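S.K.:
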Amino acid sequence: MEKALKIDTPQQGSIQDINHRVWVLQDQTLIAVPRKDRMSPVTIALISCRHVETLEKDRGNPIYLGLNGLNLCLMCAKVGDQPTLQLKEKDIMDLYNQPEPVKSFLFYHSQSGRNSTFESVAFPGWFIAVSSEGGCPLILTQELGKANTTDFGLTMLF
């Protein structure tokens, strides 16, 4: 069970509100559709990792998030070259329910001036990119040349 917090309840909402970038799971990949007739709204569920007792603390607080609709959540994968995101098949309420804080799916949450960032716990050095620039797919980046969006908020509701 959790220690003593006031944000244990799952907070589900969205991120499209940032720049009208709707997110759609398309052919096992999340892609932003900022201008498409075939768009589909989704939801983003965010919850703390109650089994943080065995996790790191120095680097920052690891938590988990997922899409609410087709049973899909963040998941680190590798293209046999470098790490990548795979939000397709994963459950968030399960990792919360059972003491299985799988770092490969957890992300350290941070903030830097009204902005929030999320770094891969199993593989630090990379940040999730919300893709609010042109309309790129949801991927992880380690360094960007002001071409992606790593620094942003969320529109999670409770």
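Mind the numbering: the sequence shown is residues 1 to 158 in the authors' numbering, read in order.
Ideal Cβ placement from N, Cα and C applies to all residues, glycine included.
Mapping the DSSP letters down to three states, classify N97 as helix, strand or coil.
M.R.: Of the three classes helix, strand and coil, the one that applies to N97 here is helix, per DSSP.
S.K.: Between the C-alpha atoms of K90 and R21, what's the straight-line distance to the nearest angstrom?
M.R.: Cα to Cα, the separation comes out at about 23 Å.
S.K.: Short of 8 Å in beta carbon distance, which residues of its chain neighbour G135, apart from the five on each side in sequence? Order them along the chain.
M.R.: Once the five neighbours on either side are set aside, the close Cβ partners of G135 are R21, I31, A32, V33, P34, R35.
S.K.: Answer with buried or exposed for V79, where buried requires no fewer than 16 other C-beta atoms within 10 angstroms of its C-beta.
M.R.: Classification of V79: exposed, given that the 10 Å Cβ count is below 16.
S.K.: Hey, how far is the Cα of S14 from the Cα of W126?
M.R.: Near 22 Å, if we compare the C-alpha coordinates of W126 and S14.
S.K.: Quick check on DSSP: helix, strand or coil for residue 159?
M.R.: A query on residue 159 cannot be resolved here, the shown segment of the chain reaching from 1 to 158 and no further.
S.K.: If we count the other Cβ atoms within 10 Å of its Cβ and call it buried at 16 or more, is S40 buried or exposed?
M.R.: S40 comes out exposed.
S.K.: Note down, in chain order, each residue of its chain lying with its Cβ closer than 8 Å to the Cβ of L67, except the 5 sequence neighbours on either side.
M.R.: Cβ within range, chain order: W23, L25, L30, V42, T43, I44, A45, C73, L87.
S.K.: May I have a chain-ordered list of the beta strand (DSSP E) segments no shorter than 3 residues that lie completely inside the segment 86 to 152?
M.R.: Correct list: 107 to 111, 116 to 120, 127 to 129, 139 to 141.
S.K.: If I'm right that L140 touches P83 with Cβ under 8 Å, what's the distance once you round it to whole angstroms?
M.R.: Their Cβ separation, rounded to whole angstroms, is 6 Å, which keeps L140 and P83 in contact under 8 Å.
S.K.: Could you pull out every unbroken beta strand (DSSP E) segment of at least 3 residues lying fully inside the segment 24 to 83, listed in chain order?
M.R.: Those beta strand (DSSP E) runs which fall completely within the segment 24 to 83 and span 3+ residues are 29 to 32, 43 to 48, 62 to 68, 76 to 78.
S.K.: Just to confirm the assignment, what range does the beta strand (DSSP E) spanning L157 have?
M.R.: Counting along the chain, the beta strand (DSSP E) containing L157 begins and ends at 155 to 157.
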